[PDB]
$ cat coords-v4.cif   # mmCIF, C-alpha atoms and all ligand atoms
data_model
loop_
_atom_site.label_atom_id
_atom_site.label_comp_id
_atom_site.auth_asym_id
_atom_site.auth_seq_id
_atom_site.Cartn_x
_atom_site.Cartn_y
_atom_site.Cartn_z
CA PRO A 1 198.34 59.39 124.30
CA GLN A 2 201.37 57.86 122.69
CA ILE A 3 204.41 59.77 123.80
CA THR A 4 207.54 59.45 121.66
CA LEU A 5 210.94 59.91 123.30
CA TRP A 6 212.71 62.31 120.96
CA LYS A 7 212.32 64.94 123.68
CA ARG A 8 211.89 64.75 127.43
CA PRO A 9 208.39 63.39 128.26
CA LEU A 10 207.06 66.44 130.06
CA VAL A 11 203.42 66.81 131.03
CA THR A 12 201.24 69.16 132.98
CA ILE A 13 200.11 67.98 136.38
CA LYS A 14 197.73 69.37 138.98
CA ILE A 15 198.65 68.78 142.63
CA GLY A 16 197.42 70.57 145.70
CA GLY A 17 195.48 73.00 143.50
CA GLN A 18 198.67 73.96 141.62
CA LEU A 19 199.64 73.36 138.02
CA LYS A 20 203.19 72.13 137.49
CA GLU A 21 205.31 70.59 134.78
CA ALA A 22 206.65 67.09 135.44
CA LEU A 23 208.77 64.39 133.86
CA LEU A 24 207.34 60.91 133.28
CA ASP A 25 210.18 58.76 134.62
CA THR A 26 209.98 54.97 134.28
CA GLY A 27 213.33 54.90 136.12
CA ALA A 28 211.83 56.42 139.27
CA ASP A 29 210.20 54.21 141.88
CA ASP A 30 208.55 57.23 143.49
CA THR A 31 207.02 60.59 142.58
CA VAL A 32 209.08 63.61 143.64
CA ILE A 33 207.90 67.21 143.56
CA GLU A 34 209.65 70.50 144.35
CA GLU A 35 208.89 72.30 147.58
CA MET A 36 205.18 72.84 148.12
CA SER A 37 202.56 72.45 150.84
CA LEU A 38 200.53 69.26 151.05
CA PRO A 39 197.92 68.19 153.59
CA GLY A 40 198.39 65.47 156.20
CA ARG A 41 201.18 64.02 158.23
CA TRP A 42 204.52 63.24 156.71
CA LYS A 43 207.68 61.34 157.46
CA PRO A 44 211.22 61.90 156.22
CA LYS A 45 212.85 59.76 153.52
CA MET A 46 216.19 59.75 151.74
CA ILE A 47 216.07 59.00 148.01
CA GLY A 48 219.01 58.48 145.74
CA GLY A 49 220.06 58.43 142.14
CA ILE A 50 222.78 59.94 140.00
CA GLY A 51 224.71 62.37 142.12
CA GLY A 52 223.67 60.74 145.45
CA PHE A 53 220.78 61.31 147.89
CA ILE A 54 218.44 64.04 148.92
CA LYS A 55 216.10 64.28 151.92
CA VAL A 56 212.37 64.58 151.25
CA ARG A 57 209.04 64.60 153.06
CA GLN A 58 206.73 61.65 152.36
CA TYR A 59 202.99 62.36 152.10
CA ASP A 60 200.51 59.58 151.50
CA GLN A 61 197.14 59.42 149.74
CA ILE A 62 197.75 62.47 147.59
CA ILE A 63 195.68 63.01 144.49
CA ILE A 64 197.43 64.14 141.34
CA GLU A 65 195.99 64.87 137.88
CA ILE A 66 198.59 63.80 135.28
CA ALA A 67 197.90 65.00 131.80
CA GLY A 68 194.15 64.76 132.52
CA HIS A 69 194.26 61.40 134.30
CA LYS A 70 193.75 61.22 138.05
CA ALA A 71 195.80 59.03 140.35
CA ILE A 72 196.23 58.75 144.09
CA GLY A 73 199.35 57.75 145.96
CA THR A 74 202.42 58.76 147.86
CA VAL A 75 204.20 61.99 146.90
CA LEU A 76 207.66 62.97 148.09
CA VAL A 77 208.43 66.68 148.45
CA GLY A 78 211.91 68.21 148.48
CA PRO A 79 214.76 69.81 146.62
CA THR A 80 214.48 67.82 143.40
CA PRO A 81 215.92 69.52 140.31
CA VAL A 82 212.92 68.28 138.22
CA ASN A 83 209.36 67.34 139.20
CA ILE A 84 209.18 63.55 138.59
CA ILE A 85 206.17 61.26 138.13
CA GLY A 86 207.40 57.81 139.09
CA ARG A 87 206.07 54.30 138.74
CA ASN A 88 203.82 54.49 141.78
CA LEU A 89 201.57 56.87 139.85
CA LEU A 90 202.44 55.85 136.29
CA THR A 91 200.90 52.44 136.99
CA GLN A 92 197.63 54.09 138.11
CA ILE A 93 197.20 56.01 134.86
CA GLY A 94 197.85 52.83 132.89
CA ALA A 95 201.20 53.82 131.44
CA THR A 96 203.27 51.23 129.64
CA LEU A 97 206.51 51.12 127.65
CA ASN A 98 206.04 49.64 124.22
CA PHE A 99 208.53 48.53 121.60
CA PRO B 101 206.79 44.07 124.06
CA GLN B 102 204.49 45.97 126.34
CA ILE B 103 206.14 46.63 129.67
CA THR B 104 204.07 47.55 132.69
CA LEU B 105 205.48 49.50 135.57
CA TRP B 106 204.37 47.59 138.67
CA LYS B 107 208.03 46.44 138.92
CA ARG B 108 211.18 48.19 137.77
CA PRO B 109 211.47 47.87 133.94
CA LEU B 110 214.66 45.87 133.98
CA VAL B 111 215.93 44.21 130.85
CA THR B 112 218.98 42.34 129.71
CA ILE B 113 221.47 44.23 127.55
CA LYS B 114 224.56 43.02 125.73
CA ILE B 115 227.57 45.26 125.47
CA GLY B 116 231.14 44.18 124.82
CA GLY B 117 229.98 40.56 124.44
CA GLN B 118 228.66 40.61 128.02
CA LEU B 119 225.14 40.41 129.34
CA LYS B 120 224.13 43.02 131.89
CA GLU B 121 220.88 44.20 133.52
CA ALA B 122 219.67 47.74 132.86
CA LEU B 123 216.68 49.93 133.61
CA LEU B 124 214.58 51.37 130.75
CA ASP B 125 214.44 54.99 131.81
CA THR B 126 212.25 57.56 130.05
CA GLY B 127 213.49 60.15 132.55
CA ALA B 128 217.09 59.79 131.29
CA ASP B 129 218.37 61.76 128.31
CA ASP B 130 221.32 59.41 127.96
CA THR B 131 222.46 55.85 128.55
CA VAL B 132 224.73 55.42 131.61
CA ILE B 133 226.45 52.21 132.61
CA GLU B 134 228.63 51.17 135.49
CA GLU B 135 232.40 50.99 135.10
CA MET B 136 233.45 48.65 132.32
CA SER B 137 235.93 48.61 129.51
CA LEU B 138 234.94 49.96 126.13
CA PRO B 139 237.05 50.47 123.03
CA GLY B 140 238.25 53.71 121.52
CA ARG B 141 238.68 57.21 122.79
CA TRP B 142 236.30 58.92 125.14
CA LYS B 143 235.27 62.50 125.79
CA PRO B 144 234.27 64.11 129.09
CA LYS B 145 230.69 64.71 130.10
CA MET B 146 229.00 65.96 133.19
CA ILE B 147 225.53 64.63 133.96
CA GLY B 148 222.96 65.39 136.62
CA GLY B 149 220.47 63.41 138.60
CA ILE B 150 218.36 63.65 141.67
CA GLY B 151 221.36 64.10 143.98
CA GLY B 152 223.65 66.30 141.96
CA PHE B 153 226.26 65.92 139.21
CA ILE B 154 228.78 63.38 138.24
CA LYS B 155 231.55 63.05 135.68
CA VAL B 156 231.29 60.24 133.14
CA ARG B 157 233.24 58.97 130.10
CA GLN B 158 231.43 59.38 126.78
CA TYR B 159 231.93 56.66 124.16
CA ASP B 160 230.29 57.03 120.78
CA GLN B 161 228.97 54.48 118.25
CA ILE B 162 228.97 51.58 120.68
CA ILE B 163 227.12 48.46 119.60
CA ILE B 164 224.59 47.48 122.20
CA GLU B 165 221.60 45.10 122.31
CA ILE B 166 218.64 46.09 124.47
CA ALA B 167 216.09 43.36 125.17
CA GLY B 168 217.14 41.69 121.95
CA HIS B 169 216.98 44.93 119.86
CA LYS B 170 220.18 46.15 118.28
CA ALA B 171 221.27 49.75 118.75
CA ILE B 172 224.51 51.62 118.02
CA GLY B 173 225.05 54.83 119.89
CA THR B 174 226.49 56.80 122.73
CA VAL B 175 227.17 55.11 126.05
CA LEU B 176 228.29 57.01 129.18
CA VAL B 177 230.41 55.11 131.74
CA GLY B 178 230.74 56.14 135.37
CA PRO B 179 229.54 55.94 138.96
CA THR B 180 225.87 55.47 138.28
CA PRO B 181 224.00 53.51 140.97
CA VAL B 182 222.23 51.46 138.28
CA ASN B 183 222.66 50.84 134.55
CA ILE B 184 220.14 52.97 132.73
CA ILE B 185 218.97 52.98 129.10
CA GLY B 186 218.00 56.52 128.19
CA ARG B 187 216.13 58.20 125.43
CA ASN B 188 219.10 58.23 123.06
CA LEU B 189 218.78 54.43 122.73
CA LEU B 190 215.09 54.05 123.59
CA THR B 191 214.38 55.96 120.40
CA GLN B 192 216.59 53.57 118.39
CA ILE B 193 214.54 50.56 119.56
CA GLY B 194 211.27 52.39 118.77
CA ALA B 195 210.09 52.72 122.36
CA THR B 196 207.15 54.87 123.34
CA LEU B 197 205.21 55.57 126.51
CA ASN B 198 201.50 54.94 126.20
CA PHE B 199 198.43 55.52 128.38
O1 LIG A 201 214.93 55.37 145.28
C1 LIG A 201 214.93 54.20 144.43
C2 LIG A 201 215.49 53.06 145.29
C3 LIG A 201 215.78 54.40 143.16
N1 LIG A 201 217.15 54.68 143.50
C4 LIG A 201 218.23 54.02 143.11
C5 LIG A 201 219.58 54.43 143.69
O2 LIG A 201 218.12 53.10 142.29
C6 LIG A 201 215.09 55.49 142.30
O3 LIG A 201 214.02 55.31 141.74
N2 LIG A 201 215.67 56.66 142.14
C7 LIG A 201 215.12 57.73 141.31
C8 LIG A 201 216.09 58.07 140.21
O4 LIG A 201 216.96 58.94 140.37
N3 LIG A 201 215.96 57.40 139.09
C9 LIG A 201 216.93 57.56 138.00
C10 LIG A 201 217.40 56.18 137.51
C11 LIG A 201 217.81 55.24 138.63
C12 LIG A 201 218.99 55.75 139.41
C13 LIG A 201 220.19 56.14 138.54
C14 LIG A 201 216.40 58.37 136.82
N4 LIG A 201 216.02 59.69 137.21
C15 LIG A 201 216.13 60.83 136.31
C16 LIG A 201 215.53 62.10 136.85
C17 LIG A 201 215.71 63.46 136.24
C18 LIG A 201 216.59 64.41 137.05
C19 LIG A 201 216.14 64.73 138.46
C20 LIG A 201 217.60 61.10 135.97
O5 LIG A 201 218.53 61.04 136.77
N5 LIG A 201 217.84 61.48 134.73
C21 LIG A 201 219.21 61.81 134.33
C22 LIG A 201 220.03 60.59 133.91
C23 LIG A 201 221.43 60.84 133.42
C24 LIG A 201 221.52 61.16 131.95
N6 LIG A 201 222.48 61.91 131.48
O6 LIG A 201 220.63 60.79 131.22
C25 LIG A 201 219.12 62.90 133.25
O7 LIG A 201 218.35 62.83 132.28
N7 LIG A 201 219.99 63.89 133.38
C26 LIG A 201 220.04 65.01 132.43
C27 LIG A 201 219.56 66.29 133.08
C28 LIG A 201 218.17 66.39 133.63
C29 LIG A 201 217.84 67.80 134.11
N8 LIG A 201 216.73 68.48 133.44
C30 LIG A 201 216.52 69.80 133.48
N9 LIG A 201 215.51 70.42 132.87
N10 LIG A 201 217.34 70.60 134.16
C31 LIG A 201 221.48 65.15 131.95
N11 LIG A 201 221.81 65.35 130.57
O8 LIG A 201 222.41 65.11 132.76
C32 LIG A 201 214.80 58.98 142.16
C33 LIG A 201 214.09 60.03 141.34
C34 LIG A 201 214.02 58.64 143.43
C35 LIG A 201 212.68 58.00 143.30
#
$ encode --input "coords-v4.cif" --output "structure tokens"
Amino acid sequence: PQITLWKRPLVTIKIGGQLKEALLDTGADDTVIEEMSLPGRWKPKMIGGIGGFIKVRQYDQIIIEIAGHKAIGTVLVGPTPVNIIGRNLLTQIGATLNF
Amino acid sequence: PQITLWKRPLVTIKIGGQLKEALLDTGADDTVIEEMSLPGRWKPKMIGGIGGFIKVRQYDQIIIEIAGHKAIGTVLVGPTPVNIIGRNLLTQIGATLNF
């Protein structure tokens, strides 16, 4: 699809068998999801932005379906105010900014 | 152009006669720039990010070039970690997300 930017670019994702809403964020290096269970080992990370840093759990090799398009990569889990799809998965679904 | 997301989508902007680097950010409602001097009166605004909330100065009808495209609109100034171009100006330069 072509997504215009008059409104927040929200899509449905499927992760860990769960449907969620998430923001496509070209300004995010990483993908960050609210508290949920994921399989595998994890390691802590601190990630920052406006307002400072939060602590998250880093899980690797996680599959996500993003608006119907599957991608695999690292997913960070923690107290994010918004579920965010970042560049690590946006690249995999072939997303570009065009103007 | 078509901008891929393997690297941060950094562009050159011009504001106040000065060139700066900024991040094209579909996950940002608004445009937020680091401390600088702008003309006119400002109004208060609170904004949120991944780490919490911050106070910024809101300036309206500011002339700004983004990757060579002219825009005129609202610019927020404050303690953002990085200059970000948000949807308010992405829409003025005709940007879309595509996959
Ligand atoms: O971690 C890497 C190194 C990098 N960090 C830094 C410090 O550069 C990074 O990728 N950080 C990510 C990040 O926070 N990216 C932001 C831009 C770069 C740092 C400033 C953009 N992220 C979005 C995420 C949505 C909120 C969680 C963001 O902050 N959007 C704001 C921008 C401010 C503004 N007014 O536009 C935003 O849109 N805020 C509005 C509210 C959003 C809340 N929505 C709902 N429904 N409640 C607003 N009007 O205030 C992070 C994510 C780590 C990978």
$ calpha_fit_and_write --input "coords-v4.cif" --fixed "chain A" --moving "chain B" --output "short mmCIF file (atom, residue, chain, number, x, y, z; two decimals) with C-alpha atoms, keeping the file's coordinate frame"
data_model
loop_
_atom_site.label_atom_id
_atom_site.label_comp_id
_atom_site.auth_asym_id
_atom_site.auth_seq_id
_atom_site.Cartn_x
_atom_site.Cartn_y
_atom_site.Cartn_z
CA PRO B 101 198.36 58.92 124.43
CA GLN B 102 201.51 57.61 122.84
CA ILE B 103 204.50 59.65 123.90
CA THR B 104 207.71 59.53 121.92
CA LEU B 105 211.04 60.32 123.45
CA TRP B 106 212.70 62.70 120.99
CA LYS B 107 211.95 65.44 123.58
CA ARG B 108 211.66 65.16 127.34
CA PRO B 109 208.26 63.58 128.22
CA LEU B 110 206.92 66.58 130.06
CA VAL B 111 203.29 66.78 131.04
CA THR B 112 201.05 69.01 133.05
CA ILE B 113 200.04 67.80 136.51
CA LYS B 114 197.58 69.24 139.00
CA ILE B 115 198.31 69.01 142.69
CA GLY B 116 196.86 71.19 145.42
CA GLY B 117 194.68 72.98 142.84
CA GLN B 118 197.82 74.13 140.99
CA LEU B 119 199.14 73.21 137.58
CA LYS B 120 202.77 72.18 137.39
CA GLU B 121 205.07 70.58 134.78
CA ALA B 122 206.54 67.15 135.48
CA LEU B 123 208.62 64.52 133.74
CA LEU B 124 207.20 61.01 133.16
CA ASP B 125 210.06 58.92 134.48
CA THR B 126 210.18 55.14 134.11
CA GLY B 127 213.56 55.19 135.86
CA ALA B 128 211.99 56.57 139.07
CA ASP B 129 210.45 54.29 141.68
CA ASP B 130 208.61 57.22 143.23
CA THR B 131 207.08 60.60 142.48
CA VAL B 132 209.20 63.58 143.63
CA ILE B 133 208.14 67.20 143.45
CA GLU B 134 209.79 70.47 144.28
CA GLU B 135 209.02 72.25 147.54
CA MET B 136 205.34 73.00 147.94
CA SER B 137 202.74 72.81 150.64
CA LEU B 138 200.74 69.65 151.08
CA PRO B 139 198.23 68.74 153.77
CA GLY B 140 198.61 66.28 156.60
CA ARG B 141 201.53 64.67 158.31
CA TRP B 142 204.64 63.49 156.56
CA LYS B 143 207.21 60.79 157.17
CA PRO B 144 210.93 60.84 156.37
CA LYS B 145 212.43 59.18 153.34
CA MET B 146 215.84 59.04 151.82
CA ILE B 147 216.08 58.67 148.05
CA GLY B 148 218.94 58.23 145.64
CA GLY B 149 219.75 59.41 142.17
CA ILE B 150 222.64 59.77 139.83
CA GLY B 151 224.54 62.11 142.17
CA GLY B 152 223.84 60.65 145.57
CA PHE B 153 221.10 60.80 148.21
CA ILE B 154 218.68 63.33 149.43
CA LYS B 155 216.11 63.62 152.20
CA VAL B 156 212.49 64.18 151.20
CA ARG B 157 209.09 64.48 152.93
CA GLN B 158 206.70 61.61 152.22
CA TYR B 159 202.99 62.44 151.94
CA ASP B 160 200.51 59.64 151.37
CA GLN B 161 197.14 59.50 149.57
CA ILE B 162 197.60 62.79 147.76
CA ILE B 163 195.17 63.53 144.95
CA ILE B 164 197.05 64.31 141.78
CA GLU B 165 196.12 64.57 138.08
CA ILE B 166 198.73 63.52 135.53
CA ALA B 167 198.07 64.55 131.94
CA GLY B 168 194.37 64.61 132.73
CA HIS B 169 194.40 61.17 134.50
CA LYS B 170 193.45 61.08 138.15
CA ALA B 171 195.69 59.31 140.64
CA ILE B 172 195.80 59.21 144.45
CA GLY B 173 199.05 58.17 146.00
CA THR B 174 202.36 58.93 147.58
CA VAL B 175 204.16 62.16 146.72
CA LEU B 176 207.70 62.96 147.93
CA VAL B 177 208.62 66.65 148.38
CA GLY B 178 212.19 67.94 148.40
CA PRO B 179 215.19 69.32 146.54
CA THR B 180 214.70 67.50 143.29
CA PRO B 181 216.05 69.34 140.23
CA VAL B 182 212.85 68.55 138.30
CA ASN B 183 209.36 67.29 139.15
CA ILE B 184 209.22 63.62 138.31
CA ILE B 185 206.30 61.19 138.03
CA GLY B 186 207.54 57.75 138.99
CA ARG B 187 206.31 54.23 138.70
CA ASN B 188 204.08 54.46 141.76
CA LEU B 189 201.78 56.82 139.82
CA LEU B 190 202.62 55.71 136.27
CA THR B 191 201.06 52.39 137.18
CA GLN B 192 197.88 54.13 138.40
CA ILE B 193 197.42 55.85 135.02
CA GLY B 194 198.04 52.55 133.18
CA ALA B 195 201.33 53.57 131.58
CA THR B 196 203.58 51.10 129.82
CA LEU B 197 206.78 51.28 127.82
CA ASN B 198 206.52 49.74 124.38
CA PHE B 199 208.93 48.93 121.54
#
$ residues_near_ligand --input "coords-v4.cif" --ligand "ligand LIG 201 (chain A)" --cutoff "7 Å" --atoms "all atoms listed in the file" --output "number ranges by chain"
A: 25, 27-32, 47-50, 80-82, 84, 86; B: 125, 127-132, 146-150, 180-182, 184, 186
$ closest_atom_pairs --input "coords-v4.cif" --of "chain A" --to "chain B" --cutoff "9 Å" --atoms "all atoms listed in the file" --output "Markdown table"
| residue | atom | partner | partner_atom | distance |
| --- | --- | --- | --- | --- |
| A:1 | CA | B:199 | CA | 5.6 |
| A:2 | CA | B:198 | CA | 4.6 |
| A:3 | CA | B:197 | CA | 5.1 |
| A:4 | CA | B:196 | CA | 4.9 |
| A:5 | CA | B:187 | CA | 5.9 |
| A:6 | CA | B:191 | CA | 6.6 |
| A:7 | CA | B:187 | CA | 7.9 |
| A:8 | CA | B:127 | CA | 7.1 |
| A:9 | CA | B:126 | CA | 7.2 |
| A:23 | CA | B:127 | CA | 6.5 |
| A:24 | CA | B:127 | CA | 6.2 |
| A:25 | CA | B:127 | CA | 4.1 |
| A:26 | CA | B:125 | CA | 5.1 |
| A:27 | CA | B:125 | CA | 4.5 |
| A:28 | CA | B:127 | CA | 7.9 |
| A:29 | CA | B:108 | CA | 7.4 |
| A:47 | CA | B:150 | CA | 8.2 |
| A:48 | CA | B:151 | CA | 6.3 |
| A:49 | CA | B:150 | CA | 5.5 |
| A:50 | CA | B:149 | CA | 4.4 |
| A:51 | CA | B:152 | CA | 4.1 |
| A:52 | CA | B:151 | CA | 4.3 |
| A:53 | CA | B:151 | CA | 4.8 |
| A:54 | CA | B:151 | CA | 5.7 |
| A:79 | CA | B:150 | CA | 8.7 |
| A:80 | CA | B:150 | CA | 6.0 |
| A:81 | CA | B:150 | CA | 6.5 |
| A:82 | CA | B:150 | CA | 7.9 |
| A:84 | CA | B:127 | CA | 8.2 |
| A:87 | CA | B:105 | CA | 5.8 |
| A:88 | CA | B:106 | CA | 7.6 |
| A:90 | CA | B:105 | CA | 7.1 |
| A:91 | CA | B:105 | CA | 5.6 |
| A:93 | CA | B:199 | CA | 6.6 |
| A:94 | CA | B:199 | CA | 5.3 |
| A:95 | CA | B:199 | CA | 4.5 |
| A:96 | CA | B:104 | CA | 4.8 |
| A:97 | CA | B:197 | CA | 4.8 |
| A:98 | CA | B:102 | CA | 4.5 |
| A:99 | CA | B:195 | CA | 4.5 |
$ write_last_selection --input "coords-v4.cif" --atoms "C-alpha atoms" --output "compact mmCIF listing (two decimals), in the coordinates of the input"
# COMPACT_ATOMS: atom_id res chain seq x y z
CA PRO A 1 198.34 59.39 124.30
CA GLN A 2 201.37 57.86 122.69
CA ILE A 3 204.41 59.77 123.80
CA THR A 4 207.54 59.45 121.66
CA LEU A 5 210.94 59.91 123.30
CA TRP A 6 212.71 62.31 120.96
CA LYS A 7 212.32 64.94 123.68
CA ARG A 8 211.89 64.75 127.43
CA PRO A 9 208.39 63.39 128.26
CA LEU A 23 208.77 64.39 133.86
CA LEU A 24 207.34 60.91 133.28
CA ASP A 25 210.18 58.76 134.62
CA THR A 26 209.98 54.97 134.28
CA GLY A 27 213.33 54.90 136.12
CA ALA A 28 211.83 56.42 139.27
CA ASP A 29 210.20 54.21 141.88
CA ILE A 47 216.07 59.00 148.01
CA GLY A 48 219.01 58.48 145.74
CA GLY A 49 220.06 58.43 142.14
CA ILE A 50 222.78 59.94 140.00
CA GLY A 51 224.71 62.37 142.12
CA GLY A 52 223.67 60.74 145.45
CA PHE A 53 220.78 61.31 147.89
CA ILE A 54 218.44 64.04 148.92
CA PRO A 79 214.76 69.81 146.62
CA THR A 80 214.48 67.82 143.40
CA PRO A 81 215.92 69.52 140.31
CA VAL A 82 212.92 68.28 138.22
CA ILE A 84 209.18 63.55 138.59
CA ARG A 87 206.07 54.30 138.74
CA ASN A 88 203.82 54.49 141.78
CA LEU A 90 202.44 55.85 136.29
CA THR A 91 200.90 52.44 136.99
CA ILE A 93 197.20 56.01 134.86
CA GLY A 94 197.85 52.83 132.89
CA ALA A 95 201.20 53.82 131.44
CA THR A 96 203.27 51.23 129.64
CA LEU A 97 206.51 51.12 127.65
CA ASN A 98 206.04 49.64 124.22
CA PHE A 99 208.53 48.53 121.60
$ atom_distance --input "coords-v4.cif" --atom1 "atom CA of residue A:41" --atom2 "atom CA of residue A:62"
11.3 Å
$ closest_residue --input "coords-v4.cif" --among "A:77, A:33, A:56, A:38" --to "residue A:13" --atoms "all atoms listed in the file"
A:33
$ axis_aligned_box --input "coords-v4.cif" --around "stretch 64-69 of chain A" --padding-each-side "3 Å" --output "JSON"
{"center_x": 196.4, "center_y": 63.2, "center_z": 136.6, "size_x": 10.4, "size_y": 9.6, "size_z": 15.5}
$ atom_distance --input "coords-v4.cif" --atom1 "atom CA of residue B:115" --atom2 "atom CA of residue B:144"
20.3 Å
